[PDB]
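Reading through the structure tokens given below for one structure.
Protein chains: 2
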Amino acid sequence: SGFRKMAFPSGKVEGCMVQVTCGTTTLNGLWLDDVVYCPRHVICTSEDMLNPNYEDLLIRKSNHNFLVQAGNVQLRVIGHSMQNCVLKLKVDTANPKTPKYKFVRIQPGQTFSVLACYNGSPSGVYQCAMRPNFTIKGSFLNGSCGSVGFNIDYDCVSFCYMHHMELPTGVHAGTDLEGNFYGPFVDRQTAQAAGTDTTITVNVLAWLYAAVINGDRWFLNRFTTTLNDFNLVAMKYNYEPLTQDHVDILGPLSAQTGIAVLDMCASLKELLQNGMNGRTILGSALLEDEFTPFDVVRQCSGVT
Amino acid sequence: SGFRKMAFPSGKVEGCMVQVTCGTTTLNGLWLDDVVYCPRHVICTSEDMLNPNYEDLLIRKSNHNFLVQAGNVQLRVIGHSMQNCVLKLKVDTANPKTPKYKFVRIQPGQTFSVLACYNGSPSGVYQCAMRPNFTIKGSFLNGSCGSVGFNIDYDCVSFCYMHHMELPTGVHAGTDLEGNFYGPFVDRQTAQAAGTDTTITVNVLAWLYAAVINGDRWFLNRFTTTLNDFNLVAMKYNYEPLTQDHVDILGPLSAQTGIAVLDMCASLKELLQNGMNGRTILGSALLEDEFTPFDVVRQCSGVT
Ligand SMILES: *CC(=O)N1CCN(C(c2ccccc2)c2ccccc2)CC1
Ligand SMILES: *CC(=O)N1CCN(C(c2ccccc2)c2ccccc2)CC1
């Protein structure tokens, strides 16, 4: 037992990290098969980022201008193309460590692991969630761009995020691996504000189920509620509305604990209305929303 | 910017995980060079754990009784020995993926990453701290024993923990890689209670410095304090006493932020005495103590 914010083992992704340099700009790239993926702003100078015309800036770059280094060895770039906000650098060598992989575009509320990198070298791994406002709250310093977010299903790595930007508020924005930004963000040094960062209700409920499985039960009450009644309270507290699809997804946790989904909703409602009163749940003094129902099942069952 | 509970990239450790089976007991082993390290309770049945005499139980085991499997391939065991609470299984093949490594015995308050494994396969990675009562609050199910805790200094993995037990309270106990338990715990199915889980004061201060670096400054006050005055409050709140050695270790963070250590202590004192008043620091509603001063520096600088 015990319940932790857990990331996927990062080995499969560490074997894909490379350094990409274009002029004086250096960031991370993801090497899969014979293609290196990286943010297209690798071609920009600081002056370019105020209002970059990427198609125009890219005309001045040739294959030999993209310096790709995997560990201590240089890769030969034999092609380059821009797909949305990512550059795809075709190299002459397939990455021998390429895992089975997929590119997926996640939904708000979904979680993933990030392998934060600098100069193509991994520094750490942490668990994130795509916020309902399409930002992520990461830990990214200058040079971390090109670090990726991913999930793993046994031996298949599903890449879902590539880091591109930090908003003036310190929150993060990036793209899927086809180069499309999550949310309305653009790769330009222009002040872009995030929308409301609402709480992922279905994740909070999943985490309350993880708490009951792991021994923290003080918050369980004698009440029940309905979806409509719960949602009036969810709206008041800037929580995402709960749907029947979310109830369905929580079914396995409901079954395992014997606590009906709407009863857990009534516990959540009282926690929202009364607070924690100085108490903690799974060592947290706030309601955690960055564990999905699948994450709780995975951790509580021991999937490898 | 942004500050996250971050684990070390786990690739170097994933390459060392193996499965060890003895009779009907299966757990994880750590394969480094030609030795596989695992908890000695792999030799026990459930009946043995009530009061095991390990030297006696081990006499009945031969090299061929320890089944060691690295991925899908079996390793040949050519020797076995017990060192404290770990078994060392000499195998005929050096692990080709053995990283540069060391075995270290950490101090309470120190943090490390855990690669939780089942059947020699990695399931996830999270960050822990050795509590002042010599327990860790992990996420370990049956079969996770033998999973290890570690730190990494560029290319050197320092192994510090091997998981052995879960106390009846749901907290965890284990050994260093020489098989010595942290704290007074023994590998036996006997109720053993943990001492006071005090808060690691120097880590809380480091995390408050990380908060000021990352923009969360509301808690900074107009006060200062002394070590002795601070420690009267630390004692009242079950915080570890702060020493001059801890002040010295926080020097770089003090220098970077321009906030004297004792001034940060006065902010901590007011937070202890008044609470957070519904506010958060780095997204937490409680004072986080599982980041060391070195962790804050590492994360805030981008060490790979
Ligand atoms: C994540 C990372 O490595 N950085 C943050 C984004 N920086 C961009 C940039 C590109 C080229 C020259 C200067 C700065 C950037 C700036 C503004 C908006 C989007 C991206 C690079 C460092
Ligand atoms: C961590 C893990 O895999 N487990 C928890 C400890 N279990 C021990 C054990 C050994 C052999 C047969 C049954 C149980 C154990 C029990 C009691 C005290 C210490 C260790 C194995 C599963």
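Which chain is which? The protein sequence lines are A and A', in order. A prime marks a further copy of an entry chain. Per PDB author numbering, the first sequence runs over residues 1 to 304. Per PDB author numbering, the second sequence runs over residues 1 to 304. Each residue gets a CB set at the ideal place from its N, CA and C atoms; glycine is no exception.
Neighbour flag for residue i against chain A', beta carbons, 7 Å
| i | result |
| --- | --- |
| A191 (chain A) | no |
| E14 (chain A) | yes |
| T196 (chain A) | no |
| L220 (chain A) | no |
| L208 (chain A) | no |
| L50 (chain A) | no |
| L232 (chain A) | no |
| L141 (chain A) | yes |
Helix, strand or coil at residue i according to DSSP, with G and I counted as helix
| i | result |
| --- | --- |
| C265 (chain A) | helix |
| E55 (chain A) | helix |
| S254 (chain A') | helix |
| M165 (chain A') | strand |
| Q83 (chain A) | strand |
| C300 (chain A) | helix |
| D245 (chain A') | helix |
| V104 (chain A') | coil |
| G109 (chain A') | coil |
| residue 350 (chain A') | Within the shown structure, residues of chain A' are numbered from 1 to 304, placing residue 350 (chain A') beyond reach of any answer. |
| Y154 (chain A') | coil |
| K236 (chain A) | helix |
| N65 (chain A) | helix |
| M49 (chain A') | helix |
| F294 (chain A) | helix |
| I259 (chain A') | coil |
| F230 (chain A') | helix |
| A194 (chain A') | coil |
6 Å Cβ shell around residue i - same chain, five flanking residues per side excluded
| i | result |
| --- | --- |
| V157 (chain A') | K12, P99, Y101, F150 |
| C265 (chain A) | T225, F230 |
| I152 (chain A') | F8 |
| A191 (chain A) | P168 |
| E288 (chain A') | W207 |
| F3 (chain A') | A210, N214, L282 |
| residue 307 (chain A) | Residue 307 (chain A) is absent from the structure shown; chain A starts at 1 and stops at 304. |
Proximal residues of chain A', C-beta to C-beta of residue i below 9 Å
| i | result |
| --- | --- |
| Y126 (chain A) | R4, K5, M6, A7, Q127 |
| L286 (chain A) | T280, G283, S284, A285, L286 |
| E270 (chain A) | Correct list: empty, because the minimum Cβ distance to chain A' is about 17 Å. |
| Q19 (chain A) | The contacting residues do not exist; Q19 (chain A) stays about 10 Å from chain A' at best. |
Proximal residues of chain A, C-beta to C-beta of residue i below 7 Å
| i | result |
| --- | --- |
| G179 (chain A') | Chain A residues near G179 (chain A'): none, gap ~22 Å exceeds 7 Å. |
| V303 (chain A') | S123 |
Under 8 Å by beta carbon: chain A residues contacting residue i
| i | result |
| --- | --- |
| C265 (chain A') | Ordered by position in chain A, no residue passes the 8 Å Cβ test against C265 (chain A'), which lies about 22 Å from the chain. |
| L89 (chain A') | Correct list: empty, because the minimum Cβ distance to chain A is about 21 Å. |
| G170 (chain A') | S1, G2, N214, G215 |
| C117 (chain A') | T304 |
| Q110 (chain A') | Ordered by position in chain A, no residue passes the 8 Å Cβ test against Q110 (chain A'), which lies about 17 Å from the chain. |
Anticipated Cβ contact below 8 Å, residue i with residue j, distance rounded
| i | j | result |
| --- | --- | --- |
| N238 (chain A') | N84 (chain A') | In fact, because the Cβ distance is near 31 Å, the residues do not count as touching under 8 Å. |
| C128 (chain A') | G143 (chain A') | With 8 Å as the limit, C128 (chain A') and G143 (chain A') do not qualify as a contact, their Cβ atoms being about 19 Å apart. |
| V148 (chain A') | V91 (chain A') | Their Cβ separation, rounded to whole angstroms, is 17 Å, which puts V148 (chain A') and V91 (chain A') out of contact at 8 Å. |
| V104 (chain A) | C160 (chain A) | 5 Å |
| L205 (chain A') | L250 (chain A') | 6 Å |
| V42 (chain A) | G120 (chain A) | Contact doesn't hold; Cβ gap of about 12 Å is too wide. |
| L177 (chain A) | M162 (chain A) | 6 Å |
| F134 (chain A) | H172 (chain A) | Actually they do not touch by this definition, with Cβ atoms about 10 Å apart. |
Interface flag, residue i vs chain A, CB-CB below 7 Å
| i | result |
| --- | --- |
| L30 (chain A') | no |
| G11 (chain A') | yes |
| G251 (chain A') | no |
| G138 (chain A') | yes |
Residue i CB to nearest heavy atom of ligand 4 below 6 Å
| i | result |
| --- | --- |
| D56 (chain A) | Annotation note on ligand 4: not contained in the displayed structure, which lists ligand 1 and ligand 2 as its ligands. |
Sequence-distant residues of its chain with Cβ nearer than 8 Å to residue i (five each side left out)
| i | result |
| --- | --- |
| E290 (chain A) | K5, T111, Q127, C128, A129, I200, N203 |
| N95 (chain A') | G15, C16, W31, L32, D33, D34, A70 |
| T257 (chain A) | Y209, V212, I213 |
| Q273 (chain A) | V233 |
| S267 (chain A) | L208, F219, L220, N221, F223 |
9 Å Cβ cut-off: residues of chain A touching residue i
| i | result |
| --- | --- |
| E166 (chain A') | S1, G2 |
Contacts that residue i makes with chain A' (C-beta to C-beta distance below 7 Å)
| i | result |
| --- | --- |
| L67 (chain A) | Those do not exist, as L67 (chain A) stays about 18 Å from chain A' at its closest Cβ, beyond 7 Å. |
Beta-carbon contacts of residue i that lie in its chain and below 7 Å, excluding the five residues immediately before and after
| i | result |
| --- | --- |
| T198 (chain A) | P132, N238, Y239, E240 |
| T280 (chain A) | none |
| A285 (chain A') | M276 |
Chain-ordered neighbours of residue i on chain A', where CB pairs are closer than 8 Å
| i | result |
| --- | --- |
| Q273 (chain A) | Residues of chain A' passing the Cβ test: none, with the nearest at roughly 14 Å. |
| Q256 (chain A) | Residues of chain A' passing the Cβ test: none, with the nearest at roughly 14 Å. |
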